[PDB]
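Student: The structure's right below; bear with me while I get my questions together.
The values are calculated or read from the model by the stated rules, or taken from the named source; nothing here is a laboratory result. Here Cβ is always computed from backbone atoms with ideal geometry, including for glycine, and neighbour counts include all displayed protein chains.
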Amino acid sequence: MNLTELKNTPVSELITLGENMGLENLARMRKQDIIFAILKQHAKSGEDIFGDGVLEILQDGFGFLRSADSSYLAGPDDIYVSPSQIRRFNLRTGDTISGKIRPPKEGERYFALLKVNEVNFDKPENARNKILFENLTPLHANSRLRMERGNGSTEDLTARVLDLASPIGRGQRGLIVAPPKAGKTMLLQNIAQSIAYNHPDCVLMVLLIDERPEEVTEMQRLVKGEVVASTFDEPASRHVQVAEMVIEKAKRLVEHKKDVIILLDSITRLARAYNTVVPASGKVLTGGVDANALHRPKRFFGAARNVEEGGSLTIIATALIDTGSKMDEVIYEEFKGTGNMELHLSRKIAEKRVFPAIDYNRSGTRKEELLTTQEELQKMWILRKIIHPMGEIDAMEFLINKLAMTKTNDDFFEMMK
Amino acid sequence: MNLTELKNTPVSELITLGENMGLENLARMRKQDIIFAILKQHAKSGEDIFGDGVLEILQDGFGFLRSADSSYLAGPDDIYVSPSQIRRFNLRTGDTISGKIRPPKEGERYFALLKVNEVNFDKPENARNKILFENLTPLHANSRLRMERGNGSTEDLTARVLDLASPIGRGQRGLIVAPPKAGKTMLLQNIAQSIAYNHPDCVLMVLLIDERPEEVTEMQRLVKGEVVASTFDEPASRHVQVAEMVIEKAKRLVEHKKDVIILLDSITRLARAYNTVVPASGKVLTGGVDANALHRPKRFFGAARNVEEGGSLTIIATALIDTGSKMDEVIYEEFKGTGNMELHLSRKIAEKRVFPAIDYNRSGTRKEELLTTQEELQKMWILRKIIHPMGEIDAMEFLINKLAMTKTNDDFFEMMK
Amino acid sequence: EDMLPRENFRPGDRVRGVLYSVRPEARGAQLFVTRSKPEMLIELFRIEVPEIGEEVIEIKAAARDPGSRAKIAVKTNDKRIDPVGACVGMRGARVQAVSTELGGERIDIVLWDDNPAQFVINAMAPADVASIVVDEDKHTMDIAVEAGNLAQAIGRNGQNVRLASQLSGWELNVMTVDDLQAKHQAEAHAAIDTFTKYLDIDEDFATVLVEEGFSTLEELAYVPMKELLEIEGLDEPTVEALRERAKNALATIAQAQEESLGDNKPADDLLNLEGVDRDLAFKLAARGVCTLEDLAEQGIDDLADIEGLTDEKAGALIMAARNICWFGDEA
Ligand SMILES: Nc1ncnc2c1ncn2[C@@H]1O[C@H](COP(=O)(O)OP(=O)(O)O)[C@@H](O)[C@H]1O
Ligand code: BEF
Ligand SMILES: [Mg+2]
């Protein structure tokens, strides 16, 4: 039996199934062991089991296949895969596996793998001889990601302004610099909605680290793609675990020539969790920050690139600033000259009920000539030169009034002439 | 028990009541905690409390209802209102609330609201679906405010000359440009007296910023309407607090279709307090003035308008000039082409014991055709053309001698022919 | 106590509720959250239903037998919306969502009315009710149902009724379905023995007039002539016969109360021991036993802590009882 039907189904149908199977009182335990016992019973009376997930290789030698909805956490639902598969198919951490699995006998409790069927949505023969991630040649973004939907809703104008200020492409690095209280959550939500509606072929992934759980549940069923999130409820170990999980999944997917898009929020909280989880190296700056503690976050932000051979990886990680502490400040300083596309959201415009609060004067993107055409770039430069002498709130309201009447950025540009 | 009876009563009756209630030594503390303890005792032995005031919403989420006599200041007398009311009735800053309140238990010390009864002198049902302030359509003043009382006293002639030089209407902006030593205090007092005697239906509000306390106490019980004043005794924080308080009260009242009239003195001192209270933006001109520091005062002066839907708001803010510093000078330059009715009071006529010292040649009002009739306007223009070739002191004494004999401006006009 | 045999828990899952009591002066954990409270579902709608929260609708009542039945009653103060049609969603889409959030409990949106009659009629819907009566002095409602919809009239534990008795707060009465079930004429001519010896001179005067009660005789004995005018012939003999009937009624009510307070019937088969007196046995048998056959099965639990008894006296009485019943085996 397939696994996803029982994973993404509501727990009520699982309770009904477990009560119909004539089992122990099922509703008295976790969803994890509930579905574990359900699979065990269906295997005792039924055929082989069909499971799937993402693979993580420990320092022990074997591998664990974990599901997306549990944010790839340990439990009875994981799938044990012996090192024999890692020697035969030459598996790697983050490999999306799906195949046949069997029940465990004494000495074991996890469902052992029987035969793989789909590895990263590809045949094992094609995946055997492949190219590594770091062995690829990065490049600049050439195909621009169209964020305008075309309907011109009450809030899609935000995305429109984004297209006006930061042309995003396959392989670009986006840093959203915004203090709290500024309204970046719905901004990222609309960005994900538009990028899934306009580009449904490329995989979309979001990551909420140290975030409130209510936002996690309201985003995990509002946008497309698996919404993996590690809320603040758990220690930093789970945060670095899910970070490696998602980064290896993205690396494998882009190695299989797939345009991967990551939405990370926030990066300062992820770096703080990294700082408290990795052992200290002795050297400490102000704010309780270590030297090597930023190495792994840096790597995580540097993984994104535009691959020349096939596919690309575009990360969009937001940096939370203006909190009072020094951790976020030093993180934003270390990541300032890192991303090639910054987007500043000043709270001065946000507190005035003027959304989206976008600091167009301080925002920009490098190498935009490889994403837009000639006259489009000329119009963008003319608009930038016109708006630059203005302030922030006045320029924002002027742009809002000039964009509300029009429905498309092209008509906006020609009417601004 | 109602709140206003204990608020506007002399402190002696409060001392007698607190001594009769068999309480601690009451006269040893502020009036604020005195009335707080009195209300607490009356609630411990009595029914629910009945409070009222103006609402201010902080950046925290809750709201504070403050009284008018304390210039809306913090203390034990404030009323805490939870954000649940701000979500149910959709409250806003500056809402005039009056209703039932309860005593506080442990963890709290302010009287919590139980049930609102009157919101801005209106039913909550009628106030639910309403129109915003900025969403209204400003217009020019059409109904002229008659400032002549008709008795022709020794000092009301001042008001008469005012009607001769600046026809005031519902929705006009008045800027009194006068150096010190010039006698504007009693001028504004007489203006308030006349506008309350002739138009008692419209609310009248005065504001004394950075003013001597003796004038505050002598004006708070000489004219009608709540006399809210922030004397120089307190820092600029209280000044901007009371500015927002009064402006939001006026906005709510004019949203409830009420003719609001504000008397502000002086505007240069208010702008200076604004300049020192709001953080600096880097750009600084001569005299220690910031660029954005005038934005909030400008807004405050621009709030006044003539609403087409219902009611209007008429502000009369006086600008103190000729002090030596550059702050007042640059403020008067920035506000010169701002108000649509200037009234100049030269000190040359004031020092000569010739009151009211009114520069009729430099005074005037735009769009006066929408406030006066045809022949009245013709007579006014004839009088202006006659007086213009004259100087200042000679014209002033001529007008005084021509107005003392007559009692009404109409007979004055016909006798001037 | 707020949990359920079907509502089930183990460390790891997220269960929600409403914080109903906070005792910051306690010794330990003092954040008491419940789930069985009715208004809970109200706030659920507040976070789900867009109609609630803006005052355009008014969720008034909620009858929640946890795990059995969770009905809601709303009212619309506006004149352009419906109470049930807008809140159900689109053929059970949001109501079933909040149900499966609450644990799959059967949720039916009932429409309460301004009167308790239609309220309890709708609360026991869809079903027919042949009689609806309200009683203020008894604080009850008589709901007599007809035959034809019993499968929806009672259900399990009378849930369709159990909500109503829990919503209005009045202990309803759904007992009898045979003749005179209307409760309006169930006392008119069903108990005719009321004027036993009242009209002792003759019998052919007029038709009987029940509209006064014939039984109260406290709001009827001494009243002005305008209230006793329903029957003609109010002379001194008539008022004296009425007073005599009232005295007889008082005596009967006093005897009935004296008999009903002592729900034990203490006969002479209760004071055969040495040391047993009136109030001793009165309390001992008011504790839940009837005769000697049901007292030797206990010990110092019931026979001790009685007015006029010591622990040693209790032990003595219980050993005497066990020797005369358990060790004797005689009848
Ligand atoms: N209508 C008037 N009649 C007589 N004296 C007046 C009149 N108006 C003003 N004055 C005199 O002018 C002086 C102005 O004092 P003050 O109120 O401090 O000036 P300002 O109002 O400019 O601050 C007063 O002392 C008052 O005697
Ligand atoms: F009273 Be003065 F005009 F400062
Ligand atoms: Mg003065």
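Student: If C:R106 passes every condition in (1) in contact (Cβ under 8 Å) with a residue 40 or more places away in the chain; (2) among the charged types (D, E, K, R); (3) farther than 26 Å from C:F214 by Cα but one, which one does it miss?
Tutor: Tallying (1) in contact (Cβ under 8 Å) with a residue 40 or more places away in the chain; (2) among the charged types (D, E, K, R); (3) farther than 26 Å from C:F214 by Cα, C:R106 fails exactly one: (1).
Student: Kindly check whether there is at least one residue in the stretch C:61-76 that is in contact (Cβ under 8 Å) with a residue 24 or more places away in the chain, out of contact with any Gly (no Cβ under 9 Å at 6 or more places or on another chain), over 28 Å from A:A27 (Cα atoms) and loosely packed, with under 15 Cβ neighbours inside 10 Å.
Tutor: The answer is yes, given that some residue of the stretch C:61-76 is in contact (Cβ under 8 Å) with a residue 24 or more places away in the chain, out of contact with any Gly (no Cβ under 9 Å at 6 or more places or on another chain), over 28 Å from A:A27 (Cα atoms) and loosely packed, with under 15 Cβ neighbours inside 10 Å.
Student: For the stretch B:130-144, does any single residue satisfy the condition of being within 16 Å of ligand 1 (Cβ to nearest atom), closer than 20 Å to B:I261 by Cα and touching a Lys or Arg at 6+ places or on another chain (Cβ under 8 Å)?
Tutor: no
Student: Scan the stretch B:164-187 for residues that are near ligand 1 (Cβ under 10 Å from one of its atoms) and not in a helix (DSSP H, G or I) and jot them down.
Tutor: B:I176, B:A178, B:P179, B:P180, B:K181, B:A182, B:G183, B:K184
Student: Restricting to the stretch B:38-63, give me the number of residues that are buried (at least 19 other Cβ atoms within 10 Å of the Cβ) and in contact (Cβ under 8 Å) with a residue 40 or more places away in the chain.
Tutor: 8
Student: Something else about it: Please indicate, with yes or no, whether at least one residue in the stretch B:229-236 is within 16 Å of ligand 2 (Cβ to nearest atom), surrounded by 23 or more Cβ atoms within 10 Å (Cβ to Cβ) and either within 14 Å of chain A (Cβ to nearest Cβ) or not aliphatic (A, V, I, L, M) (or both).
Tutor: Yes, the stretch B:229-236 contains a residue that is within 16 Å of ligand 2 (Cβ to nearest atom), surrounded by 23 or more Cβ atoms within 10 Å (Cβ to Cβ) and either within 14 Å of chain A (Cβ to nearest Cβ) or not aliphatic (A, V, I, L, M) (or both).
Student: Go through the stretch C:132-149 and give me each residue that's touching a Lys or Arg at 6+ places or on another chain (Cβ under 6 Å) and buried (at least 17 other Cβ atoms within 10 Å of the Cβ).
Tutor: The answer is C:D142, and nothing else.
Student: Please verify whether B:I209 is among the β-branched types (V, I, T), within 24 Å of B:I358 (Cα to Cα) and away from ligand 1 (no atom under 16 Å from the Cβ), treating the condition exactly as stated.
Tutor: No, not satisfied.
Student: For the subset of the stretch C:45-66 comprising residues that are acidic (D, E) and more than 24 Å from C:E1 (Cα to Cα), which member is nearest to the other protein chains (Cβ to nearest Cβ)?
Tutor: C:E55
Student: Could you tell me which numbered condition A:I387 fails, if it satisfies all but one of (1) within 24 Å of A:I316 (Cα to Cα); (2) surrounded by 18 or more Cβ atoms within 10 Å (Cβ to Cβ); (3) among the β-branched types (V, I, T)?
Tutor: The failed condition is (1).
Student: Run B:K181 past the list (1) within 16 Å of ligand 2 (Cβ to nearest atom); (2) touching a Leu at 6+ places or on another chain (Cβ under 9 Å) and report the number of the one that doesn't hold.
Tutor: Evaluating B:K181 over (1) within 16 Å of ligand 2 (Cβ to nearest atom); (2) touching a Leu at 6+ places or on another chain (Cβ under 9 Å) leaves (2) as the failure.
Student: Let me ask you something else. Report every pair of residues separated by at least 6 positions or lying on different chains whose Cβ atoms are under 7 Å apart, first residue within the stretch B:183-201 and away from chain C (no Cβ under 14 Å), second within 16 Å of ligand 1 (Cβ to nearest atom) and among the hydroxyl-bearing types (S, T, Y).
Tutor: Partner pairs satisfying both residue conditions: B:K184/B:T318; B:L187/B:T158; B:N190/B:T158.
Student: Can you go through B:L204, B:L264 and tell me which one is of a type in the set (A, V, I, L, M), under 22 Å from B:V161 (Cα atoms) and within 15 Å of ligand 2 (Cβ to nearest atom)?
Tutor: Of the residues listed, the single one that is of a type in the set (A, V, I, L, M), under 22 Å from B:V161 (Cα atoms) and within 15 Å of ligand 2 (Cβ to nearest atom) is B:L264.
Student: Considering only the stretch C:67-74, I want to know if a residue exists there that is more than 14 Å from chain A (Cβ to nearest Cβ) and assigned to a loop (DSSP other than H, G, I, E, B).
Tutor: Checked against the condition, which is being more than 14 Å from chain A (Cβ to nearest Cβ) and assigned to a loop (DSSP other than H, G, I, E, B), the stretch C:67-74 yields at least one hit.
Student: Six or more apart or on different chains, Cβ under 6 Å: which pairs go from a residue in the stretch A:1-16 that's more than 14 Å from chain C (Cβ to nearest Cβ) to one that's assigned to a helix (DSSP H, G or I) and surrounded by 12 or more Cβ atoms within 10 Å (Cβ to Cβ)? Could you list them?
Tutor: Here the result reads A:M1/A:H42; A:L6/A:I35, each pair linking the stretch A:1-16 to a residue that is assigned to a helix (DSSP H, G or I) and surrounded by 12 or more Cβ atoms within 10 Å (Cβ to Cβ).
Student: Another one. Quick test of your reading of the structure: B:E244 fulfils all but one of (1) within 16 Å of ligand 2 (Cβ to nearest atom); (2) closer than 22 Å to B:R66 by Cβ. Name the failing condition by number.
Tutor: (1)
Student: Collect the residues in the stretch A:170-187 that are crowded, with 20+ Cβ neighbours inside 10 Å and under 16 Å from the mean Cα position of the chain (by Cα), keeping them in residue-number order.
Tutor: If the condition is that a residue be crowded, with 20+ Cβ neighbours inside 10 Å and under 16 Å from the mean Cα position of the chain (by Cα), then A:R170, A:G171, A:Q172, A:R173, A:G174, A:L175, A:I176, A:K184, A:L187 are the ones that fit.
Student: Now, a different point. I'd like the residue in the stretch A:306-317 that is surrounded by fewer than 23 Cβ atoms within 10 Å (Cβ to Cβ) and touching a helix residue (DSSP H, G or I) at 6+ places or on another chain (Cβ under 9 Å) and, out of all such residues, is farthest from A:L343 (Cα to Cα).
Tutor: Among them, the one singled out is A:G310.
Student: Could you tell me whether the stretch B:191-202 includes any residue that is within 13 Å of ligand 3 (Cβ to nearest atom) and of a type in the set (D, E, K, R)?
Tutor: No, every residue in the stretch B:191-202 fails to be within 13 Å of ligand 3 (Cβ to nearest atom) and of a type in the set (D, E, K, R).
Student: For the stretch A:366-411, how many residues are part of a helix (DSSP H, G or I) and free of Cβ contacts under 8 Å to residues at least 60 places away in the same chain?
Tutor: Qualifying residue count, the stretch A:366-411: 24.
Student: Please verify whether B:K123 is of a type in the set (K, R), within 16 Å of ligand 2 (Cβ to nearest atom) and surrounded by fewer than 21 Cβ atoms within 10 Å (Cβ to Cβ), treating the condition exactly as stated.
Tutor: The answer is no for B:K123.
Student: Name, by its number, the condition in (1) closer than 20 Å to B:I35 by Cβ; (2) away from chain C (no Cβ under 14 Å); (3) not basic (K, R) that does not hold for B:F133.
Tutor: The one condition B:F133 does not meet is (1).
Student: Take A:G287 and decide whether it is over 18 Å from the mean Cα position of the chain (by Cα), on the phi > 0 side of the Ramachandran plot and free of Cβ contacts under 8 Å to residues at least 12 places away in the same chain.
Tutor: no
Student: Moving to a separate point now. Could you please find all residues in the stretch B:323-363 being exposed (fewer than 14 other Cβ atoms within 10 Å of the Cβ) and within 16 Å of ligand 2 (Cβ to nearest atom)?
Tutor: Hits for the stretch B:323-363 are B:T323, B:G324, B:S325, B:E351.
Student: Which of (1) among the acidic types (D, E); (2) surrounded by fewer than 22 Cβ atoms within 10 Å (Cβ to Cβ); (3) free of Cβ contacts under 8 Å to residues at least 40 places away in the same chain does A:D78 not meet, given it meets every other one?
Tutor: (2)
Student: Which condition does B:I209 not pass, out of (1) surrounded by fewer than 17 Cβ atoms within 10 Å (Cβ to Cβ); (2) within 16 Å of ligand 2 (Cβ to nearest atom); (3) within 18 Å of B:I315 (Cα to Cα), if it passes all the others?
Tutor: (1)
So that you can scan it fast, the table gives a plain yes or no per residue for (1) within 16 Å of ligand 1 (Cβ to nearest atom); (2) of a type outside the set (A, V, I, L, M); (3) not assigned by CATH to the domain that holds B:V203:
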position: B:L263; (1), (2), (3): yes, no, no
position: B:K283; (1), (2), (3): no, yes, no
position: B:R296; (1), (2), (3): no, yes, no
position: B:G310; (1), (2), (3): no, yes, no
position: B:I331; (1), (2), (3): no, no, no
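Student: So, one more: Against the condition away from ligand 1 (no atom under 16 Å from the Cβ), at positive phi and within 14 Å of chain A (Cβ to nearest Cβ), how does B:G225 come out, does it pass?
Tutor: In short, no.
Student: Of the residues C:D301, C:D279, C:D329, C:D305, only one is of a type in the set (D, E) and closer than 21 Å to C:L261 by Cβ; which?
Tutor: Only one candidate passes the filter, namely C:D279.
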